[PDB]
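Residue numbers (the authors' numbering), protein chains in the order written: chain C, 86 to 292; chain D, 89 to 292. As structure tokens, the structure follows; a few thoughts come after it.
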Amino acid sequence: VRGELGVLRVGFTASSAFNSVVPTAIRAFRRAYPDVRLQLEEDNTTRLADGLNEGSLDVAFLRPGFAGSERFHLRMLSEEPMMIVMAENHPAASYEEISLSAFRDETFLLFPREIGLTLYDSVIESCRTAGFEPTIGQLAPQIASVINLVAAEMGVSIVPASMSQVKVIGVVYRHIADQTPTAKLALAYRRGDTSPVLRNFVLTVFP
Amino acid sequence: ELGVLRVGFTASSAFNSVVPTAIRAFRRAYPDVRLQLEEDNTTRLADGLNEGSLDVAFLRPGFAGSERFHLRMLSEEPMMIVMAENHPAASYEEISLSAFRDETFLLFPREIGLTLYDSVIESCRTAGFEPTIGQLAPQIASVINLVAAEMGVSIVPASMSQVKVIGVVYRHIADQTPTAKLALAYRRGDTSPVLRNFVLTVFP
């Protein structure tokens, strides 16, 4: 009965929310352990890291490949293909499978590097791997914000595959035929945490 | 026909097609104007109209200081309800608001905006209860994802139902509610021809 009562702080990143595993993780756990009071905090991967260090978070969903990652339990959760979101009318939705080289001279909308550090450097690298430096467009607040801006035919973007559940009119998500760098997702917690509540949560994702 | 025009809009309106459609269309007709988009909530939108940083805004009418501007109504969409897919309420064809009295509501003023947030609260009260507000702490944009996680139920503009997050469903509200309104606003007496091309493109 250890740890079936108390309070757990769960953090996750803005676009990781859209990945179906965070809502599932949370929903499963709130079933087994109704009595435990959750506390959800959505934030930057470095925010989630700092807060796990601080004691202000107990478990986080976050994108591995951050500096100092060799300080926590990092358990690989999810790997997802990255897809290009354009406007429906765009010339290139006509091509079946999209090569990123066809978007050299486009304006690439993106989140700020501080706003999404891990996703960004891999987004640029695919363009680079595709043989051009992307022209950065208008900075937008959240991953969903850029999708509506694509609907307004303002740019193309690259999003995790789980954003293709934002079915705004007038955008489409296509698949790149290059490296298709993925979006990794990892369950991260504190090394040495003997909380039972934490493992009640950590085994929920890993039964 | 030349210059820059500064356009602004609420995060939530960008799901209502009128905003992409009116931008996409103007961008076609007038490629020489450099569009500048500022996504922000209505109160700062008006602020930017006043201090001069914004020349038109898509926003929610009936705010205070709304007589210092021009506002022409653009759309009105009903507000629906998002709930987790294995909710008891999923199974009713038409749902009421009464049936959520003891329920947990997930409103975040940041995502939806004051004017919408308070009216949804008002709406519950008209049903016959004070809605028990879910998470005050660390407000995060996008409730649908906490609704997929069975943490509550939220009320969102009909536009938002294009967010087909797995594990949520959306249903219409049989209780007569207030709807989600959107105006289009510019300063009184702005005498730009570039500004007028934006308004005419929205209201042709």
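All residues carry an ideal CB built from backbone N, CA and C; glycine is no exception.
Suppose you measure from the CA of residue i to the CA of residue j; what does that come to, to the nearest Å?
i             : j             : result
residue 147/D : residue 127/C : 26 Å
residue 256/C : residue 282/D : 27 Å
residue 240/C : residue 285/C : 44 Å
residue 216/D : residue 209/C : 53 Å
residue 220/D : residue 262/C : 48 Å
residue 96/C  : residue 122/D : 39 Å
residue 265/D : residue 181/D : 17 Å
residue 277/D : residue 132/C : 46 Å
residue 280/D : residue 89/D  : 10 Å
residue 134/C : residue 162/D : 44 Å
residue 212/D : residue 91/D  : 47 Å
residue 144/D : residue 273/D : 5 Å
residue 242/C : residue 105/C : 21 Å
residue 138/C : residue 130/C : 12 Å
residue 111/D : residue 225/C : 16 Å
residue 194/D : residue 205/D : 10 Å
residue 252/C : residue 86/C  : 43 Å
residue 167/C : residue 140/C : 33 Å
residue 259/C : residue 248/D : 22 Å
residue 160/C : residue 227/D : 27 Å
residue 236/C : residue 199/D : 19 Å
residue 177/D : residue 154/D : 39 Å
residue 165/C : residue 269/C : 6 Å
residue 179/C : residue 113/C : 41 Å
residue 229/C : residue 152/C : 26 Å
residue 124/D : residue 142/D : 9 Å
residue 245/C : residue 218/C : 20 Å
residue 201/C : residue 158/D : 38 Å
residue 98/C  : residue 149/C : 12 Å
residue 184/C : residue 115/C : 43 Å
Quick check on residue i: does DSSP put it in helix, strand or coil?
i             : result
residue 139/D : helix
residue 261/D : strand
residue 200/C : coil
residue 95/C  : strand
residue 291/D : coil
Which residue marks the beginning of the alpha helix (DSSP H) containing residue i, and which one marks its end?
i             : result
residue 182/D : Premise fails: residue 182/D is in no alpha helix (DSSP H) and is neither H nor E.
residue 112/D : 106–117
In the DSSP assignment, the beta strand (DSSP E) including residue i goes from what residue to what residue?
i             : result
residue 192/C : 192–195
residue 163/D : 157–165
residue 173/D : Residue 173/D -> no beta strand (DSSP E), and no H or E assigned at all.
residue 333/C : Residue 333/C lies beyond the residue range present for chain C, which begins at 86 and ends at 292; the question has no answer from this structure.
residue 147/C : 144–147
Can you check the segment 264–288 of chain D for any beta strand (DSSP E) of at least 3 residues that lies completely inside it and give the ranges in chain order? 268–275, all fully within the segment 264–288 of chain D.
Taking only runs of the alpha helix (DSSP H) that begin and end inside the segment 202–257 of chain D, which ones reach a length of at least 4 residues, in chain order? As far as the segment 202–257 of chain D is concerned, its whole alpha helix (DSSP H) runs of at least 4 residues are 202–215, 232–236.
Taking only beta carbons into account, state which residues of the segment 252–263 of chain C come closer than 7 Å to chain D, listed in chain order. From the segment 252–263 of chain C, only 252, 253, 254, 255 have a Cβ closer than 7 Å to chain D.
For the segment 199–231 of chain D, which residues have a beta carbon sitting closer than 8 Å to at least one beta carbon of chain C? Listed by position along the chain: 223, 225, 226, 228, 229, 230.
Using Cβ-Cβ distances below 9 Å, what residues of the segment 116–133 of chain C are close to chain D? Only 116, 123, 124, 125, 126, 127, 128 from the segment 116–133 of chain C bring a Cβ to less than 9 Å from some Cβ of chain D.
Cβ-based contacts, 9 Å cut-off: residues of the segment 264–288 of chain C near chain D: Taken residue by residue, none of the segment 264–288 of chain C has a beta-carbon sitting less than 9 Å from a beta-carbon on chain D.
Using a Cβ-Cβ cut-off of less than 8 Å, list which residues of the segment 96–108 of chain C approach chain D; keep chain order. Answer in chain order: 99, 102, 103, 105, 107, 108.
Contact set between the segment 238–251 of chain D and chain C, restricted to residues whose Cβ is under 8 Å from the partner: Answer set for the segment 238–251 of chain D: 238, 239, 250, 251.
Can you pull out the residues from the segment 136–170 of chain D whose beta carbon lies closer than 8 Å to at least one beta carbon of chain C? The residues in question: there are none.
For the segment 173–201 of chain D, enumerate the residues whose C-beta is nearer than 8 Å to any C-beta of chain C, in chain order. Cβ contacts with chain C come from no residue of the segment 173–201 of chain D.
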